[PDB]
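Residue numbers (the authors' numbering), protein chains in the order written: chain b, 319 to 371; chain z, 3 to 150; chain m, 3 to 150; chain h, 3 to 157; chain c, 3 to 150.
Written out as structure tokens, the structure reads:
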């Protein structure tokens, strides 16, 4: 939330002090999470290694 | 035997006969604390041009004492003492002599010959690697890494 | 530590034996004020030729005091003191000795060594970029910007 | 706070121990007025060789006073004071020691450093402009101007 | 302000301490008359080599007087005064000091700098004008005039 550069806003209002938040889940639950993403979310690459003499 | 601070100051005072063990007239301790402060400042300055020689600066906020351990090697004693004497003689309205200057220069050269490095120049990074080195096509070994 | 403005003047006065414990002479208050003013003027002047060294000036009505902080690191103390001594000796009509001059110039050389930056030249701006840089997909630069 | 025409004449006459705060003998005020006049004439002749540095001249015909502010920055007072002392040393039949000369030279070099010009000469005026600059569509002219372009002043 | 002729002679005498408040010596009127006459003659001689610099000469077959107006800007005051002092020192059987000579040299150098010419010689007169100048449709001259 930029007031000098409003071009890059990505949220309705600023997160002021004293705002109420919450955490999704349970105290000590464990699970296997499902995943959904886009093609350009994260990238993976393998660096080739050099030969030795 | 550790080379504590103030021993260098005593050596510098002795080598110009300002004060020593055999002197009937001695110098007040204010001069000694001024000398140790001058030594501290001189080492702080030496942290730039000659380099780092393992000097143990006082930590926290307490002032340097004339009895704490300096941590310097024994081999640097004459060099440090002569430099301190050169930077300190003018305090007593005195002028140096040619033999003292020659001794200081020789000791400084002996100290400086230890810190010599002579860096080596690596490859440009665009220099081709000879095909006889048997590089790998896809591992970007055809050229030198250069730096970083 | 803090390295107040009062400490620097006292160091210069102690050197050359104008006011020191060894000389059995105490410092007059007026000489301290003159030294502080000269230090202020010198450090204001040093903002152009040697460069900025982080010295802190007073605000509004200056009235610099010996108990005010200076902001200088402990390394530059000897250089600043020797320069102040050279610029202040004319007050008492005293000709400096060669050893003091050598010490001052050596400390000043170390100080200028510490803050030395060597600019690096850049390409003209109409200089071509070769085909080896792949200016089709890797970069859009047919020529170096080279000006900034 | 600000530089005044009086404290420069006090930096002088004290850098050479002629008079000072701690001195038991002080100089007569007529000498201080003469020093102020000498300073004004010096900064008047400095309008040509070193160029303007920001001096605030006594506008009008009124006589200058040592209590006026000169407007000079605090980083210019040392060179001005040393040059003025070099000028007025001969008034009291004195000679300058070499250290004073060296300090004055260093301060003068420092002052002269801050006012560099480097005119950076321009082109000729009939020098051709290459086809690479696209003088057909991009810029109408096909030769180097040799003068400042404008929008309506048009020389 | 106005810079009357009496200002120059008093300045010249004061700068070598012939008669000044610092020296406690009062000025002799005969010295004033001699200084005024010497200044007038020196300006009349300066009307050739350094060129006119705005002097206001005395007319009407009347001798110059100190209360008259010189007509010069204040910038030339130091140079004129130093030159006049140099030309009057031999009257009192004195010898100039090197600092006075250096100051006079610097002032005269500034004066000479202020009055440069660099005439920037013209063309020859039979030098052709190129055919690109269009010496008939746009110009009436086929050759550079190079005169007057």
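Note that CB positions come from ideal geometry on N, CA and C, so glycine has one too.
Per DSSP, residue 348/b has no beta-bridge partner at all. Counted as a single uninterrupted DSSP element, the alpha helix (DSSP H) harbouring residue 37/c occupies residues 31-48. Sequence-distant partners of residue 33/c (beyond 5 residues in either direction) whose C-beta falls short of 8 Å from its own C-beta, in its chain, are 11, 15, 20, 21.
Your pair residue 58/z and residue 73/z checks out as a contact, with CB atoms roughly 4 Å apart and the cut at 8 Å.
For residue 9/m, the enclosing alpha helix (DSSP H) has its first and last residue at 7-16. Closest option to residue 4/h, judged by alpha-carbon separation, among 43/m, 4/m, 90/m: 43/m.
Ranked by Cα distance from residue 108/m, the first of 29/m, 135/m, 78/m is 78/m. For residue 369/b, the nearest CB of chain z lies under 8 Å from its own CB, placing it at the interface with that chain.
Distance from the CA of residue 129/z to the CA of residue 124/c, rounded to the nearest whole angstrom, comes to 57 Å. Annotated as proximal: residue 17/c and residue 87/c, with beta-carbon spacing under 8 Å.
With a 10 Å radius around the Cβ and a threshold of 16 neighbouring Cβ atoms, residue 37/c comes out buried. With a 10 Å radius around the Cβ and a threshold of 16 neighbouring Cβ atoms, residue 114/h comes out exposed. Each residue's CA atom was taken as its position, placing residue 28/c and residue 99/h some 30 Å apart. Taking 8 Å as the CB threshold, residue 49/z lines the interface with chain m. Residues of chain h with a Cβ closer than 7 Å to the Cβ of residue 46/m are, in chain order, 76, 77.
Contact check for residue 101/m and residue 91/z: beta-carbon distance about 7 Å, within the 8 Å limit, so the pair qualifies. Between residue 32/h and chain c, the shortest Cβ-Cβ separation is below 8 Å. In this structure, residue 368/b lies near residue 138/z, with their beta-carbon atoms less than 8 Å apart. Within chain z, the residues whose beta carbon sits less than 7 Å from that of residue 366/b are 140, 141, listed in sequence order. Taken atom to atom, the span from the alpha-carbon of residue 111/c to that of residue 82/h is near 19 Å. In the three-state DSSP reduction, residue 110/z falls in the helix class (H, G or I). With a contact defined as Cβ atoms closer than 8 Å, residue 47/h and residue 80/c qualify at about 6 Å. Taking 8 Å as the CB threshold, residue 16/h lines the interface with chain m. No Cβ-Cβ contact shorter than 8 Å links residue 9/h with residue 23/c.
A straight-line Cα-Cα distance of about 25 Å links residue 142/z and residue 146/m. For the alpha helix (DSSP H) assignment, the uninterrupted runs of no fewer than 4 residues enclosed by the segment 71-116 of chain h are, from N- to C-terminal side, 79-90, 100-115. In terms of Cα proximity to residue 127/h, the closest of 121/h, 26/h, 140/h, 144/h is 144/h. Residue 49/c sits exposed, since fewer than 16 C-beta atoms from the chains shown fall within 10 Å of its C-beta. With respect to residue 117/m, residue 53/m sits close: the two C-beta atoms are nearer than 8 Å. Residue contact check for residue 150/m against chain h: no CB pair falls below 8 Å. In this model, residue 104/z and residue 13/h are separated by some 42 Å (Cα to Cα). Linking residue 84/c to residue 120/c through their CA atoms gives a straight-line distance of about 27 Å.
Scanning its chain for C-beta atoms nearer than 7 Å, with the 5 sequence neighbours on each side dropped, one finds around residue 45/c the residues 57, in chain order. The beta carbon of residue 26/h sits no closer than 8 Å to any beta carbon of chain c. Residue contact with chain c for residue 71/h: absent (no Cβ-Cβ distance below 8 Å to any residue of chain c).
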